[PDB]
Amino acid sequence: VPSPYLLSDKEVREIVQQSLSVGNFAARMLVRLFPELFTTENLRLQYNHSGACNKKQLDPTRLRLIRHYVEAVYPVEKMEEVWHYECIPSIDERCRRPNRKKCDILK
DNA sequence: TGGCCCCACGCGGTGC
DNA sequence: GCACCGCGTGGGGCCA
C-alpha cells in the first residue's frame with residue numbers, strides 16, 4: 001500500500017475517463033498538478049508552457065510528467081472507445097463506399 | 001436560463 | 001513572404 005499522497009495510476013485513469021479529449025485531458029492534468037496556480041489568486045494567468053509572450057514558464061518537470069501520462073496511460077485507457085467508435089465505423093465505411101456518388105450518378 | 005467549461009479561430013509577432 | 005506560435009475572443013454544449 002503506497003502513499004495516499006502520491007498521484008496514483010488509478011486517479012490518472014479516472015481523469016482520462018473524465019476528459020473530453022486528449023487536449024482536455026492535458027488541461028485537467030495541468031489543474032491537478034498545478035493547484036497553486038488555480039487558486040482564487042489565479043497565478044495561472046502569469047504562465048504558459050514555454051515562457052513565451054513575456055510570461056513565466058510552467059515547471060518543465062511537471063509538464064514532463066503530464067506528457068508521460070498522455071503517452072503511457074491515456075491511449076491504453078481510450079483504446080476500446082477509439083477502436084469501437086472511430087476505427088470500426090471507418091472500416092465499414094471504406095467497405096461500403098460507392099465508386100460513384102449518387103448525386104453524381106444522377107447528373 | 002446563467003454559470004462553467006471547452007475549443008475553434010482570426011490576429012499580430014517572430015524567425016527563417 | 002509565409003509557416004509557425006500563443007493571445008484574446010466568442011460560439012455553443014452541459015446542467016442544476
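Chain naming here is simple, since letters A, B, ... match the order of the sequence lines and numbering starts at 1 in each. Atom set for the values below is all heavy atoms of this structure, side chains included, hydrogens, waters and symmetry mates excluded.
- Residue A:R28 places none of its side-chain N or O atoms closer than 4.0 Å to OP1 or OP2 of B:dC5.
- The 12-atom threshold is exceeded at CZ of A:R97, counting heavy atoms of other residues, nucleotides or ligands nearer than 6.0 Å.
- Rounding to whole angstrom units, CG of residue A:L63 and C1' of C:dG6 are separated by 14 Å.
- For A:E36, the CD atom sits in a packed shell: over 12 heavy atoms of surrounding residues, nucleotides or ligands are nearer than 6.0 Å.
- Distances shorter than 4.0 Å separate some side-chain N or O of A:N48 from OP1 or OP2 on C:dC7.
- Nearest heavy-atom pair across A:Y74 and A:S21 is OH-C, 3.4 Å.
- Computed from coordinates, the A:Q18 CD to C:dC14 P distance equals 17 Å when rounded to whole Å.
- A:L45 has its CG atom 9 Å from the P atom of C:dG8, to the nearest Å.
- The interatomic distance linking A:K56 (NZ) with C:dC7 (P) rounds to 15 Å, in whole Å.
- Residue A:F25 contributes atom CZ, which lies 13 Å from atom P of B:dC7 at whole-angstrom precision.
- The side chain of A:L20 sits closest to B:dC6 out of C:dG6, C:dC7, B:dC6.
- Judged by distance alone, the side chain of A:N48 and the main-chain N or O of A:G51 form a donor-acceptor pair under 3.5 Å.
- The side chain of A:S21 contributes no N or O atom lying less than 4.0 Å from OP1 or OP2 of B:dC6.
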